[PDB]
>>> print(open('final09.csv').read())   # CSV, C-alpha atoms and all ligand atoms
chain,number,residue,atom,x,y,z
A,1,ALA,CA,0.0,0.0,0.0
A,2,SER,CA,1.9,3.1,-1.3
A,3,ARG,CA,0.2,6.0,0.5
A,4,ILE,CA,-1.1,6.7,4.0
A,5,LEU,CA,-4.2,8.8,4.7
A,6,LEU,CA,-3.5,12.0,6.6
A,7,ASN,CA,-5.9,13.8,9.0
A,8,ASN,CA,-6.4,16.5,6.4
A,9,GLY,CA,-8.0,13.9,4.0
A,10,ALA,CA,-5.1,13.8,1.6
A,11,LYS,CA,-2.9,10.7,0.9
A,12,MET,CA,0.9,10.8,1.5
A,13,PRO,CA,3.4,8.5,-0.2
A,14,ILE,CA,5.1,6.4,2.5
A,15,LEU,CA,8.4,6.5,0.7
A,16,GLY,CA,10.1,9.8,-0.2
A,17,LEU,CA,13.5,11.1,-1.3
A,18,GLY,CA,15.5,13.1,1.2
A,19,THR,CA,17.5,16.1,0.1
A,20,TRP,CA,19.6,17.3,3.1
A,21,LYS,CA,23.3,17.3,2.0
A,22,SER,CA,22.5,16.6,-1.6
A,23,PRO,CA,24.9,18.8,-3.4
A,24,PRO,CA,23.3,21.5,-5.6
A,25,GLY,CA,25.2,20.2,-8.6
A,26,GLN,CA,23.9,16.6,-8.1
A,27,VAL,CA,20.4,17.1,-6.6
A,28,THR,CA,18.6,18.1,-9.9
A,29,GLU,CA,19.7,14.8,-11.5
A,30,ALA,CA,18.9,12.9,-8.2
A,31,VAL,CA,15.3,14.2,-8.2
A,32,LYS,CA,14.8,13.6,-11.9
A,33,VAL,CA,16.0,10.0,-11.5
A,34,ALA,CA,13.8,9.6,-8.4
A,35,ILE,CA,10.7,10.7,-10.3
A,36,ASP,CA,11.6,8.5,-13.3
A,37,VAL,CA,11.9,5.4,-11.1
A,38,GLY,CA,8.7,6.0,-9.1
A,39,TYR,CA,9.2,8.4,-6.3
A,40,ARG,CA,6.3,10.8,-5.8
A,41,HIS,CA,7.3,12.4,-2.5
A,42,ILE,CA,10.3,14.7,-2.0
A,43,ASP,CA,11.4,16.0,1.4
A,44,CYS,CA,12.9,19.5,1.2
A,45,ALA,CA,13.8,22.5,3.4
A,46,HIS,CA,14.9,26.1,3.0
A,47,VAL,CA,17.9,25.5,5.3
A,48,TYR,CA,19.2,22.8,3.0
A,49,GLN,CA,20.1,25.6,0.5
A,50,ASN,CA,19.2,23.5,-2.5
A,51,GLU,CA,15.5,24.1,-3.1
A,52,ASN,CA,16.1,25.9,-6.3
A,53,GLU,CA,17.9,22.9,-7.8
A,54,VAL,CA,15.3,20.5,-6.4
A,55,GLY,CA,12.7,22.7,-8.1
A,56,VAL,CA,14.4,22.6,-11.5
A,57,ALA,CA,14.0,18.8,-11.4
A,58,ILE,CA,10.3,18.9,-10.3
A,59,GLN,CA,9.5,21.5,-12.9
A,60,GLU,CA,11.2,19.6,-15.7
A,61,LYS,CA,9.3,16.4,-14.9
A,62,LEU,CA,6.0,18.4,-14.8
A,63,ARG,CA,6.8,20.1,-18.1
A,64,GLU,CA,7.8,16.7,-19.6
A,65,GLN,CA,4.5,15.2,-18.4
A,66,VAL,CA,6.3,12.4,-16.6
A,67,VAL,CA,4.0,13.1,-13.7
A,68,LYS,CA,1.1,15.4,-12.9
A,69,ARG,CA,1.3,17.9,-10.0
A,70,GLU,CA,-1.6,16.2,-8.2
A,71,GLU,CA,0.5,13.0,-8.1
A,72,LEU,CA,3.5,14.6,-6.4
A,73,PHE,CA,3.7,15.2,-2.6
A,74,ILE,CA,6.2,17.9,-2.0
A,75,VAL,CA,7.2,18.7,1.6
A,76,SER,CA,9.2,21.7,2.9
A,77,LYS,CA,9.9,23.2,6.3
A,78,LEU,CA,9.9,26.7,8.0
A,79,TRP,CA,13.3,27.5,9.3
A,80,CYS,CA,13.9,28.6,12.9
A,81,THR,CA,14.7,32.2,12.0
A,82,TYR,CA,11.2,32.7,10.5
A,83,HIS,CA,9.0,31.8,13.5
A,84,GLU,CA,7.6,35.4,13.6
A,85,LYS,CA,4.0,36.2,12.6
A,86,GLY,CA,5.2,38.6,9.9
A,87,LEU,CA,7.9,36.4,8.4
A,88,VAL,CA,6.1,33.0,8.0
A,89,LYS,CA,4.2,33.7,4.8
A,90,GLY,CA,7.3,35.1,3.0
A,91,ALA,CA,9.4,32.2,4.1
A,92,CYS,CA,6.8,29.8,2.6
A,93,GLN,CA,6.6,32.0,-0.5
A,94,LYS,CA,10.4,31.9,-1.0
A,95,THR,CA,10.3,28.0,-0.8
A,96,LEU,CA,7.4,27.9,-3.2
A,97,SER,CA,9.3,30.2,-5.6
A,98,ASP,CA,12.4,28.1,-5.4
A,99,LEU,CA,10.6,24.8,-5.8
A,100,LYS,CA,8.6,26.3,-8.8
A,101,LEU,CA,5.3,25.4,-7.1
A,102,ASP,CA,2.1,27.2,-6.3
A,103,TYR,CA,1.4,25.0,-3.2
A,104,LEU,CA,3.1,22.6,-0.9
A,105,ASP,CA,1.5,19.3,0.0
A,106,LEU,CA,2.9,19.6,3.5
A,107,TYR,CA,4.8,22.4,5.3
A,108,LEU,CA,6.4,21.7,8.7
A,109,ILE,CA,7.8,23.7,11.6
A,110,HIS,CA,11.3,22.4,11.1
A,111,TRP,CA,12.3,22.6,14.8
A,112,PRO,CA,10.2,23.8,17.8
A,113,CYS,CA,12.8,26.5,18.5
A,114,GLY,CA,12.6,30.1,17.1
A,115,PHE,CA,15.8,32.0,16.6
A,116,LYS,CA,16.5,35.7,16.1
A,117,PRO,CA,15.6,36.7,12.5
A,118,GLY,CA,18.3,37.8,10.1
A,119,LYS,CA,20.6,36.5,7.4
A,120,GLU,CA,22.3,33.8,9.6
A,121,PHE,CA,20.5,30.5,10.0
A,122,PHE,CA,22.1,30.0,13.5
A,123,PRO,CA,22.5,33.5,15.0
A,124,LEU,CA,25.0,33.1,17.9
A,125,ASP,CA,25.9,35.3,20.9
A,126,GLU,CA,29.6,36.0,21.6
A,127,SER,CA,29.9,32.8,23.6
A,128,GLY,CA,28.4,30.5,20.9
A,129,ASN,CA,24.8,30.0,22.2
A,130,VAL,CA,22.0,30.4,19.7
A,131,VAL,CA,20.1,33.6,20.1
A,132,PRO,CA,16.4,32.8,20.7
A,133,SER,CA,13.2,34.4,19.5
A,134,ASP,CA,10.5,35.1,22.0
A,135,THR,CA,7.8,33.8,19.7
A,136,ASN,CA,6.3,30.4,21.1
A,137,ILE,CA,5.2,27.3,19.3
A,138,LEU,CA,1.5,28.2,19.6
A,139,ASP,CA,1.8,31.5,17.8
A,140,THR,CA,4.0,30.0,15.1
A,141,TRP,CA,1.3,27.3,14.7
A,142,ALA,CA,-1.4,30.0,14.2
A,143,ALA,CA,0.8,31.5,11.4
A,144,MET,CA,1.0,28.0,9.8
A,145,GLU,CA,-2.8,27.7,9.9
A,146,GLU,CA,-3.1,30.9,8.0
A,147,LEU,CA,-1.0,29.3,5.1
A,148,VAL,CA,-3.7,26.6,4.8
A,149,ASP,CA,-6.4,29.2,4.6
A,150,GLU,CA,-4.5,31.2,2.0
A,151,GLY,CA,-4.0,28.2,-0.3
A,152,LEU,CA,-0.2,28.1,0.0
A,153,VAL,CA,-0.1,24.6,1.6
A,154,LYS,CA,-2.5,21.7,1.7
A,155,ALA,CA,-1.3,20.4,5.1
A,156,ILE,CA,0.8,21.6,8.0
A,157,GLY,CA,2.8,19.7,10.6
A,158,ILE,CA,5.7,19.7,12.9
A,159,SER,CA,9.2,18.2,13.1
A,160,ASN,CA,11.4,17.3,16.1
A,161,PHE,CA,8.6,18.0,18.5
A,162,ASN,CA,8.7,16.0,21.7
A,163,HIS,CA,5.7,14.5,23.4
A,164,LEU,CA,5.0,17.6,25.6
A,165,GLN,CA,5.3,19.9,22.5
A,166,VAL,CA,3.0,17.8,20.4
A,167,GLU,CA,0.5,17.9,23.3
A,168,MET,CA,0.9,21.7,23.6
A,169,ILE,CA,-0.2,22.0,19.9
A,170,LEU,CA,-3.1,19.6,20.4
A,171,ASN,CA,-4.2,21.5,23.4
A,172,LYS,CA,-3.8,24.9,21.8
A,173,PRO,CA,-6.8,27.2,22.6
A,174,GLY,CA,-8.8,27.7,19.4
A,175,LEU,CA,-6.7,25.1,17.4
A,176,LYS,CA,-8.0,25.2,13.8
A,177,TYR,CA,-5.9,22.5,12.1
A,178,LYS,CA,-4.3,19.6,13.9
A,179,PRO,CA,-0.7,18.8,12.8
A,180,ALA,CA,-0.9,16.2,10.1
A,181,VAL,CA,2.7,14.9,10.6
A,182,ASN,CA,5.5,14.9,13.1
A,183,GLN,CA,8.8,14.2,11.3
A,184,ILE,CA,11.4,12.8,13.7
A,185,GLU,CA,14.6,10.8,13.6
A,186,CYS,CA,13.9,7.1,13.7
A,187,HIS,CA,16.0,4.0,12.9
A,188,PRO,CA,17.0,0.8,14.8
A,189,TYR,CA,19.3,2.7,17.1
A,190,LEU,CA,16.7,5.3,18.0
A,191,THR,CA,13.4,3.4,17.8
A,192,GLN,CA,11.1,6.1,19.3
A,193,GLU,CA,8.4,3.7,20.5
A,194,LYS,CA,7.0,6.2,23.1
A,195,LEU,CA,6.7,9.2,20.8
A,196,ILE,CA,5.4,7.2,17.9
A,197,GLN,CA,2.7,5.6,19.9
A,198,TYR,CA,1.6,9.0,21.3
A,199,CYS,CA,1.5,10.6,17.9
A,200,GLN,CA,-0.3,7.7,16.2
A,201,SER,CA,-2.8,7.5,19.0
A,202,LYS,CA,-3.7,11.2,18.1
A,203,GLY,CA,-4.0,10.5,14.4
A,204,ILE,CA,-0.7,12.2,13.6
A,205,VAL,CA,1.4,10.4,10.9
A,206,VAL,CA,5.1,10.0,11.8
A,207,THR,CA,7.8,10.4,9.2
A,208,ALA,CA,11.1,8.8,10.0
A,209,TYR,CA,14.2,10.8,9.0
A,210,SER,CA,17.8,9.6,8.9
A,211,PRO,CA,16.5,6.0,8.5
A,212,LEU,CA,20.0,4.8,7.4
A,213,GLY,CA,21.7,6.6,10.3
A,214,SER,CA,22.8,9.6,8.1
A,215,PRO,CA,26.4,8.3,7.4
A,216,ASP,CA,27.1,11.6,5.6
A,217,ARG,CA,26.1,13.8,8.5
A,218,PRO,CA,28.9,16.4,8.8
A,219,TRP,CA,29.7,15.6,12.4
A,220,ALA,CA,30.1,11.9,12.0
A,221,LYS,CA,33.0,10.3,13.9
A,222,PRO,CA,34.9,7.1,12.9
A,223,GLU,CA,33.8,5.4,16.2
A,224,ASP,CA,30.1,6.1,15.9
A,225,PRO,CA,27.7,3.1,15.3
A,226,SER,CA,26.9,2.3,11.7
A,227,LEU,CA,23.5,0.8,10.8
A,228,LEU,CA,24.5,0.0,7.2
A,229,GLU,CA,27.5,-2.0,8.5
A,230,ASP,CA,25.7,-3.7,11.5
A,231,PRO,CA,26.2,-7.5,10.8
A,232,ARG,CA,22.9,-8.3,12.5
A,233,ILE,CA,21.0,-6.1,10.1
A,234,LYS,CA,23.1,-7.4,7.2
A,235,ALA,CA,22.0,-11.0,8.3
A,236,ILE,CA,18.3,-10.0,8.1
A,237,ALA,CA,18.9,-8.5,4.7
A,238,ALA,CA,20.7,-11.6,3.4
A,239,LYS,CA,17.8,-13.8,4.6
A,240,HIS,CA,15.4,-11.8,2.5
A,241,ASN,CA,17.8,-11.4,-0.5
A,242,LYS,CA,17.7,-7.6,0.0
A,243,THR,CA,20.3,-4.9,0.8
A,244,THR,CA,20.8,-3.6,4.3
A,245,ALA,CA,19.4,-0.2,3.1
A,246,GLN,CA,16.2,-1.9,1.8
A,247,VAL,CA,15.7,-3.6,5.2
A,248,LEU,CA,16.3,-0.2,6.9
A,249,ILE,CA,13.7,1.4,4.7
A,250,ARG,CA,11.1,-1.4,4.9
A,251,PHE,CA,11.4,-1.4,8.7
A,252,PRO,CA,9.6,2.0,9.3
A,253,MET,CA,7.1,1.3,6.5
A,254,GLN,CA,5.8,-1.7,8.5
A,255,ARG,CA,5.4,0.5,11.6
A,256,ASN,CA,2.9,2.6,9.6
A,257,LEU,CA,5.6,5.4,9.3
A,258,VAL,CA,6.6,7.4,6.2
A,259,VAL,CA,10.3,7.2,5.5
A,260,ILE,CA,12.6,9.6,3.5
A,261,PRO,CA,16.0,8.0,2.7
A,262,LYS,CA,18.5,10.4,1.0
A,263,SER,CA,20.7,9.6,-1.9
A,264,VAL,CA,22.3,11.3,-4.8
A,265,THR,CA,23.6,8.1,-6.3
A,266,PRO,CA,21.2,7.0,-9.2
A,267,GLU,CA,21.8,3.3,-8.5
A,268,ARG,CA,20.9,3.7,-4.8
A,269,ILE,CA,17.9,5.9,-5.5
A,270,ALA,CA,16.5,3.1,-7.6
A,271,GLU,CA,17.5,0.4,-5.1
A,272,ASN,CA,15.9,2.2,-2.2
A,273,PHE,CA,12.6,2.3,-4.0
A,274,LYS,CA,12.5,-1.5,-4.4
A,275,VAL,CA,10.9,-2.2,-1.1
A,276,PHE,CA,7.3,-2.9,-1.9
A,277,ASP,CA,7.9,-6.6,-2.8
A,278,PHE,CA,9.0,-8.2,0.5
A,279,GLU,CA,7.9,-8.5,4.1
A,280,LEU,CA,9.8,-8.4,7.3
A,281,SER,CA,8.4,-10.9,9.8
A,282,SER,CA,7.1,-9.8,13.2
A,283,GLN,CA,10.2,-11.5,14.7
A,284,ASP,CA,12.4,-9.5,12.3
A,285,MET,CA,10.6,-6.3,13.3
A,286,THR,CA,11.0,-7.0,17.0
A,287,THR,CA,14.6,-7.9,16.5
A,288,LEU,CA,15.3,-4.6,14.7
A,289,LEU,CA,13.5,-2.7,17.5
A,290,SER,CA,15.7,-4.5,20.0
A,291,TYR,CA,18.8,-2.6,18.7
A,292,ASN,CA,17.6,0.7,20.2
A,293,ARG,CA,20.4,2.5,22.0
A,294,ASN,CA,18.8,6.1,22.2
A,295,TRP,CA,21.5,7.3,19.6
A,296,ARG,CA,20.7,10.6,17.7
A,297,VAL,CA,22.5,11.6,15.4
A,298,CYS,CA,20.7,14.9,14.9
A,299,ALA,CA,21.2,17.1,17.9
A,300,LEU,CA,23.1,20.3,18.3
A,301,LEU,CA,25.0,21.7,21.3
A,302,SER,CA,24.7,25.3,20.5
A,303,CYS,CA,20.9,25.1,20.8
A,304,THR,CA,20.6,23.0,24.0
A,305,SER,CA,19.8,26.0,26.2
A,306,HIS,CA,17.0,27.2,24.0
A,307,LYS,CA,13.9,27.0,26.1
A,308,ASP,CA,12.2,24.8,23.5
A,309,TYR,CA,15.1,22.5,22.7
A,310,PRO,CA,13.3,19.2,22.3
A,311,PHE,CA,15.8,16.6,23.6
A,312,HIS,CA,16.2,17.5,27.1
A,313,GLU,CA,12.9,15.5,27.8
A,314,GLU,CA,12.6,11.7,27.8
A,315,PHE,CA,10.4,11.5,24.7
B,401,LIG,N1,13.3,17.3,10.0
B,401,LIG,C1,14.6,17.3,10.3
B,401,LIG,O1,15.1,17.9,11.2
B,401,LIG,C2,15.5,16.4,9.5
B,401,LIG,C3,16.8,16.0,10.0
B,401,LIG,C4,17.6,15.1,9.3
B,401,LIG,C5,17.1,14.6,8.1
B,401,LIG,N2,15.9,15.0,7.6
B,401,LIG,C6,15.4,14.5,6.2
B,401,LIG,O2,15.6,13.1,6.2
B,401,LIG,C7,16.4,12.8,5.0
B,401,LIG,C8,17.1,11.5,5.2
B,401,LIG,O3,18.1,11.6,6.4
B,401,LIG,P1,19.7,11.9,6.2
B,401,LIG,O4,19.9,12.6,4.9
B,401,LIG,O5,20.1,12.5,7.5
B,401,LIG,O6,20.3,10.4,6.1
B,401,LIG,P2,19.9,8.9,5.6
B,401,LIG,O7,18.9,9.0,4.6
B,401,LIG,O8,19.8,8.1,6.8
B,401,LIG,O9,21.3,8.5,5.0
B,401,LIG,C9,21.8,9.2,3.8
B,401,LIG,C10,23.2,8.6,3.5
B,401,LIG,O10,23.0,7.2,3.1
B,401,LIG,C11,23.6,6.9,1.9
B,401,LIG,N3,22.9,5.9,1.2
B,401,LIG,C12,21.6,6.0,0.7
B,401,LIG,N4,21.1,5.0,0.1
B,401,LIG,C13,22.1,4.0,0.4
B,401,LIG,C14,22.2,2.7,0.0
B,401,LIG,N5,21.2,2.0,-0.7
B,401,LIG,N6,23.3,2.0,0.3
B,401,LIG,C15,24.4,2.7,1.0
B,401,LIG,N7,24.3,4.0,1.3
B,401,LIG,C16,23.2,4.6,1.0
B,401,LIG,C17,23.7,8.2,1.1
B,401,LIG,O11,24.8,8.2,0.2
B,401,LIG,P3,24.7,8.9,-1.3
B,401,LIG,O12,23.7,10.1,-1.2
B,401,LIG,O13,26.1,9.3,-1.5
B,401,LIG,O14,24.2,7.8,-2.2
B,401,LIG,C18,23.9,9.2,2.3
B,401,LIG,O15,25.3,9.3,2.6
B,401,LIG,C19,17.3,14.1,4.9
B,401,LIG,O16,18.0,14.1,3.6
B,401,LIG,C20,16.2,15.1,5.0
B,401,LIG,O17,15.4,15.2,3.8
B,401,LIG,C21,15.1,15.9,8.2
B,402,LIG,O1,17.9,20.0,10.7
B,402,LIG,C1,17.9,19.3,9.7
B,402,LIG,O2,17.0,19.0,8.9
B,402,LIG,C2,19.2,18.5,9.4
B,402,LIG,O3,20.3,19.2,10.1
B,402,LIG,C3,20.7,20.4,9.6
B,402,LIG,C4,20.6,20.8,8.2
B,402,LIG,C5,21.1,22.0,7.9
B,402,LIG,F1,20.9,22.4,6.6
B,402,LIG,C6,21.7,22.9,8.8
B,402,LIG,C7,21.8,22.5,10.1
B,402,LIG,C8,21.3,21.3,10.5
B,402,LIG,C9,21.4,20.9,11.9
B,402,LIG,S1,22.8,21.2,12.7
B,402,LIG,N1,20.3,20.3,12.5
B,402,LIG,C10,20.3,20.0,13.9
B,402,LIG,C11,19.5,21.0,14.7
B,402,LIG,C12,19.0,22.2,14.3
B,402,LIG,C13,18.2,23.0,15.1
B,402,LIG,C14,17.9,22.6,16.4
B,402,LIG,BR1,16.9,23.6,17.6
B,402,LIG,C15,18.4,21.4,16.9
B,402,LIG,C16,19.2,20.6,16.1
B,402,LIG,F2,19.7,19.5,16.5
B,403,BR,BR,15.1,22.9,18.4
>>> encode(input="final09.csv", output="C-alpha cells")
Amino acid sequence: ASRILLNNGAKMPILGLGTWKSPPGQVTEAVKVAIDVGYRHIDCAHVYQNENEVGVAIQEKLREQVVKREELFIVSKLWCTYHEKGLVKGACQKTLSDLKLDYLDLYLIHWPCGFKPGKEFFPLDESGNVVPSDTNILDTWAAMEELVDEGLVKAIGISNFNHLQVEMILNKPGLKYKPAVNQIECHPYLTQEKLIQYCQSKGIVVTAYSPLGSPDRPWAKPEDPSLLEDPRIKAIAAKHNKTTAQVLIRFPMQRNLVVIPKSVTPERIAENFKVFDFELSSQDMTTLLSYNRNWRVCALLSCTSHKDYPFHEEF
C-alpha cells in the first residue's frame, strides 16, 4: 500500500526522497531520476540551501509530463529564524518560488525553536549559544494555519517536537488545524516507541528521517555506530535477498511510518525504491526494535539551552 491517509483527508506516499546534504550540482539529477523510477514524495527544506535545484527537477518532470502535479507530494519546512508572525508567509513563498510550485503538500515547523531573524540561520551570541526568539510554538502554529487558509499549503505539521510539545499544539486554545505529521529521527538505534505511539494515538502520521543513520552527517566520527554495517542487520537483509538499506527502509514502513532516505547516487535511488515486494516478519521487526540505544545523530550543542530545545525531555 503506497500511501497513508492524513488527518487533512489527503494521501501521502510512504516513501520519499531526502535532500539534506544533496549537493546542488547533483540534486537536480537525483530528483529527476527519483521521479523517473517511481518516487512521488520529495522532502525539502529552505535551510538545506538546494530548493532551487530540487525545483528545477520537479518543474522539468512536470513540463515533460512524466507526472502530474496532483501525483506529487512535496514537503518543505519553515526554518527557525522565521517563526515570527510577519515572516512565516514570506518564508513559505520563498520556498514555493524556489521549488517552482504554487502550493506545498505539507509544510512543517522544522524545529520547535525560534531564533532571532536575520541572514544567519544560526545566530549566535559571543559565547556560541543560539540567540532565541520570544515567539512560542503556539503563535507559530497559528501562522502555519493561515497558510492553509491562503492556499499556499494543503497540510501543516511539525518536526522534532517532543511528546509535551505535540501535546501543547493539540491543546492549543482555538486550534484550527491539527498537525498532520510529526517528522522525527527514527531508525533501529533510535526506535522512538514512546513518541510514535503518542502521535499515532492522536492520528498524527510519523515520518522517519535519517533511516540509514545519516552516514554523511557532517559531524560523523569514525567510532560512531553504523547501521549499514551492522552485521545483525546485514543478516536479516541476506535472509530476504535484499540490501541492508532496503531492510532499513522497509522497517519504518511496517510500523505505519513514512520514510525519507536520502541519496544522490542513481543506482541507490532506484534500489531504495524496491521495497514494496518483500515483508519483514514480526520477529524481524521486534529484533530490529531491540537494537535501540537512544542514539541521535541529529542534535546540536549550540541550541541545547533554548527554552524549547526538544531533547532535554525523555520522549
Ligand atoms: N526534519 C529534520 O530535522 C530532518 C533532519 C535530518 C534529516 N531529515 C530529512 O531526512 C532525509 C534522510 O536523512 P539523512 O539525509 O540524514 O540520512 P539517511 O537517509 O539516513 O542517509 C543518507 C546517506 O546514506 C547513503 N545511502 C543512501 N542509500 C544508500 C544505499 N542504498 N546504500 C548505501 N548507502 C546509502 C547516502 O549516500 P549517497 O547520497 O552518497 O548515495 C547518504 O550518505 C534528509 O535528507 C532530510 O530530507 C530531516
Ligand atoms: O535540521 C535538519 O533538517 C538537518 O540538520 C541540519 C541541516 C542544515 F541544513 C543545517 C543544520 C542542520 C542541523 S545542525 N540540525 C540539527 C538541529 C538544528 C536546530 C535545532 Br533547535 C536542533 C538541532 F539538533
Ligand atoms: Br530545536
>>> closest_residue(input="final09.csv", among="A:288, A:249, A:199, A:206", to="residue 274 of chain A", atoms="all atoms listed in the file")
A:249
>>> closest_atom_pairs(input="final09.csv", of="segment 4-96 of chain A", to="segment 214-225 of chain A", cutoff="12 Å", atoms="all atoms listed in the file", output="CSV")
residue,atom,partner,partner_atom,distance
A:18,CA,A:214,CA,10.6
A:19,CA,A:214,CA,11.6
A:20,CA,A:217,CA,9.1
A:21,CA,A:216,CA,7.7
A:22,CA,A:216,CA,9.9
A:23,CA,A:216,CA,11.7
>>> residues_around(input="final09.csv", residues="segment 210-212 of chain A", least_positions_apart="5", cutoff="6 Å", atoms="only C-alpha atoms", output="ChimeraX atom specification")
/A:185-187
>>> closest_residue(input="final09.csv", among="A:236, A:113, A:155, A:14", to="residue 137 of chain A", atoms="only C-alpha atoms")
A:113
>>> residues_around(input="final09.csv", residues="segment 6-12 of chain A", least_positions_apart="3", cutoff="7 Å", atoms="all atoms listed in the file", output="mmCIF file with C-alpha atoms, in the coordinates of the input")
data_model
loop_
_atom_site.group_PDB
_atom_site.id
_atom_site.type_symbol
_atom_site.label_atom_id
_atom_site.label_comp_id
_atom_site.auth_asym_id
_atom_site.auth_seq_id
_atom_site.Cartn_x
_atom_site.Cartn_y
_atom_site.Cartn_z
ATOM 1 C CA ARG A 3 0.200 6.000 0.500
ATOM 2 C CA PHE A 73 3.700 15.200 -2.600
ATOM 3 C CA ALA A 155 -1.300 20.400 5.100
ATOM 4 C CA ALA A 180 -0.900 16.200 10.100
ATOM 5 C CA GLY A 203 -4.000 10.500 14.400
ATOM 6 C CA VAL A 205 1.400 10.400 10.900
#
